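In PDB author numbering, the protein residues as written are 3 to 807, 838 to 904, 911 to 1010, 1027 to 1090, 1098 to 1171, 1182 to 1189, 1202 to 1283.
Every residue, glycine too, gets a C-beta built ideally from N, C-alpha and C.
Quick notes on the structure that follows.
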Ligand SMILES: [Zn+2]
Ligand SMILES: [Zn+2]
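See below:
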């Protein structure tokens, strides 16, 4: 129980291993006495083997006190020790007949079948007693006696011929007499042919019966001469006759013991060398059939596992506590299915001993071994072969396989996902008055959550005298604890989470504030992250305990420290909904306002000017100044625009200096919210403006400044959202009466046009275009009739303009029916959007979880170019160029270098680059990182969450998977296309790529399109004859006849085979393609994902190569292999960790292949450490971080 083990290894458990594990053989299929209800002896639950029921108490009771431990009672045979051993100790069952392990027999491909060259359909007939197998053969005796055996065989065969020919002549000669009697008697011409037909056919019968015996004889002899071990004799009768004679020359048997023998005399090395034949043709599958099988044969040779392990002589019995039998509440009993499966095994096994001792016939005995064989199969993997064993109600019993795996089973999530103490949940309610780092916690919830803490505090304080006195003091909720509760809660962070958890921001830390009520008060800014509606949504609370946990919450998972989306870098805590309209109304400029500014007239000065913002406030309180007026005022503690100030100053930005600009009091009150160092804005604030502003100020200020600035915007937005006058009513919605009238107007144009179409004015496409012109003219006419009819400041329009976000006439009966037909498809289609996105996100995580930053820099010059603008700004520079690092300097044509290599490439850098007009830039990428382990900080680049360089410990693979899986809910060219890419499957509709460079010859044929490429070598022409016209052409105009094509261009519309572009353009260009297509899907849905996230996933596909002649890349540096592209699922299953891969998909094959290979897991990944409870090798788990030493400086200790 050290908690730090290096490796974890498997292997075939031999009969001895099982016997060594067990604490005694369970001999009876009994559980507990129906009266005493105590465990029966020698049976399941037997305390004499598994363990005592009570601590330090034997079965009889002659030893009861803890005084004696480690001894065994000489009466009941029970060891006096803790009752827990009942959960650690196993038993075993000695089988009267060997049995095959179903995992190596029925497990496809048959591990045993591949190990002995027995087809699974043939092997199934052997171990289940459906055919005999030749175990041994005496070659010398069969050869020395072949002469006499052949003679005796020919003689016996001849005696059959002499009988046959003698019989036919007796039938034909007798038929001649019967027919001769017909001439003397009345001759019926019909009967004459009827008798002959009867006689002739009878001869054929007599002659064919003889032939069949001859063939049976020939069959007997041929099989005996060619008789070789591993041959199967399914004929039984043949086998018996093959045993009556020649029985002393060979041997044969059925069942697992026969398979046990074939494995006995089996030279593993000899069978391998004959399989080492890389010659003997091999281009055909015949060698692959040996190639595929050689893996299973070599695995046993390279390891020490004896292949005998595939046949069990003893079966281990799982401890009772894992298969418990307890009496349910209400008097009823409950017990696991394993007990009924073990019972079937131990019953049939015992009956076999009985039959063996009774000298029963082999039909009965063999029938028992077959029954025993099936009982062990059911015990291990019930249902894997034949119908599963079902109990009352016809439900399949849960075997050990099912118990191991399952979605809710102990393999996938029952082991990974477990319930935790110090937790709780409740419905959430808005907490508009909360600080971003705070959360409303119901007093009762915070009480029970911190119960141990408050118990100690109110005991330290002489309120309660002992612990027990403190417990009741909290349970009864005596009013004296509350004051103690706010202390224990102070500066003690708690974790909030809302299911489902999509990204890491779905869990954040908060300062707990005791709040009246039973609900949880959530800050209104984190809703975006949690995606938390306030329509009854619930959230969970977890209480970090250890000092490390609290440190991780305060530092890593603090709410205020996580503002930017770790997927796009954009801000999530940005104001939204009311806060937007509130600020939109606050800063909007209304012409002709109440206190509007007026230029000095002939006899009066300017009346819109005000001394300070305070004066404007006083003027606002009176009916003088409107918040949205165009007044001009002087400012002393605010910052003027960068461009305007330079004129007014240059000596320095105003710290207390005065300056006058014309704005609105709102815009003044707004800028007061921003930092004092931030220049003035003077604009009506939209989501984007506030989004544009929050970003800009997030780069130039620490997040604490951004955290407080977003909080201040929340208050203002909410405050002015109320004074905004935004309310809905009939006059706000209603209907533009011109619409219904004008709609009936244009409808007449479409009906009479059809009238004109029928007569002869159709003119083909004239109708389709005309009807479209009318429909779009009316559709465009209603927009104006509605947009111009709605006031500019209409509440519906205001909400739309700010960016926070027709049944008005009513529908008749039939109209509403049609609407339901489509509305129900959206709800059902939405059900499939969430399932697959979570199934994709799991595979994504399954393949990239072990990817973490391991070093600051790998120092590789390799990089990837970026298109970066094309106007002569690109539309997607924010996803691929932003937050990158330059592998090479940015050189201008004029010789001036701007932005040096290894720079952060901030948006100001993008503009500085755009200033010099540089189209492309080479950039570091995880696709090119040469890090031996994971990736490096520089290659990865800026962390989207922190805005700075990525920290060394960051586990970017998981963040990438979440960044990709989360938006999967918004996929419609959607989720299937994405899985098509990440899984590396050939495209749904394949598309060709240019295999070389040169011109193109477009040929038009009704059957198919033909694209020939004339190389510029010029060498052999490349023909792409097979082409479906339904696939269209690729766009540049369209690819026409005679155009030039490059080495990687796509010829027709569709998806190019990634495996195709791999061998053509190489690995690096494949990864650029996959990221290109993947990002294009999400971009189609308006989803902003930084390329690096996709790149992290793509990096893991090209990490291995195929070995054509004697896998990862690092092994080759210390025998030719080609770069390989493979899907995430296949790649994940190829991980070095076997229990990690076992938890992923199909645990049986991984477990069987792992046990045979005898693999050892070094616990390198983080999934493994999660299962066993070790510190994951990421974040605070890295060695460099967890081995830090904290010693106070000698100078500080002096101060004391
Ligand atoms: Zn005893
Ligand atoms: Zn690197």
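With a cutoff of 8 Å on beta-carbon distance, residue 583 and residue 799 are scored as not near each other. For residue 156, the three-state secondary structure derived from DSSP is helix. Rounded to the nearest angstrom, the gap between the Cα atoms of residue 426 and residue 447 is 7 Å. Assigned with DSSP and collapsed to three states, residue 1212 falls in helix. Exclusion of the five residues before and after residue 1079 leaves 1064 as the residues of its chain whose Cβ lies within less than 6 Å of its Cβ.
Contact between the stretch 141-155 and the stretch 254-268 is absent: fewer than three C-beta pairs spanning the two stretches fall below 8 Å. Across the set 328, 688, 1002 and 1220, the C-alpha of 328 shows the shortest separation from the C-alpha of residue 39. Nearest Cα to residue 1241 within the set 109, 111, 299 and 174: 299. Between residue 925 and residue 939, the C-beta gap is smaller than 8 Å, which places the two residues in contact. According to the DSSP assignment, residue 107 belongs to the alpha helix (DSSP H) that extends over 104-107.
The criterion of a C-beta distance shorter than 8 Å is not satisfied by residue 569 and residue 1120. In the three-state reduction of the DSSP assignment, residue 576 falls in the coil class. Secondary structure of residue 497 (DSSP, three-state): strand.
Boundaries of the alpha helix (DSSP H) harbouring residue 700: 689-702, taken from the DSSP string.
When the Cα atoms are used, residue 51 and residue 32 turn out to be separated by approximately 14 Å. Under the DSSP assignment, residue 569 falls outside any alpha helix (DSSP H); it carries neither an H nor an E label. Annotation: the continuous beta strand (DSSP E) that includes residue 318 extends over 313-319. Per DSSP, reduced to three states, the secondary structure at residue 668 is helical. Only buried fits residue 587, as 16 or more other CB atoms lie within 10 angstroms of its CB. In the displayed model, residue 1064 falls within a strand according to three-state DSSP. In this structure, 82 is the residue among 82, 492, 62 and 620 with its C-alpha nearest to the C-alpha of residue 69. The beta carbons of residue 885 and residue 978 sit about 6 Å from each other, so the pair counts as a contact at 8 Å. Look at which beta carbons fall closer than 7 Å to any heavy atom of ligand 1; those residues are 60, 61, 62, 63, 64, 65, 75, 77, 78 and 80. Note: residue 936 is not bridge-paired with any residue in the DSSP secondary-structure output. Look at residue 969: its beta carbon is less than 7 Å from one of the heavy atoms in ligand 2. One Cα belongs to residue 742, the other to residue 731, and the distance between them is close to 20 Å. Straight through space, the alpha carbons of residue 1251 and residue 987 are spaced by roughly 29 Å. When C-beta atoms of the stretch 953-971 are compared with those of the stretch 460-469, fewer than three pairs fall below 8 Å, so the two segments do not count as touching. Between residue 524 and residue 441 the beta-carbon gap is near 7 Å, inside 8 Å, which marks them as a contact.
Membership of residue 1133 in the alpha helix (DSSP H) is indicated by the continuous run 1128-1145. Closest option to residue 1047, judged by alpha-carbon separation, among 1076, 1072 and 650: 1076.
For residue 327, the three-state secondary structure derived from DSSP is strand.
In this model, residue 213 and residue 385 are separated by some 45 Å (Cα to Cα). In the DSSP annotation of this structure, the continuous segment of the alpha helix (DSSP H) that includes residue 798 starts and ends at 797-804.
Rounded to the nearest whole angstrom, the CA to CA distance from residue 357 to residue 367 is 6 Å.
Taking residue 1141 as reference, the option from 255, 200, 1276 and 914 with the minimal CA-CA separation is 914.
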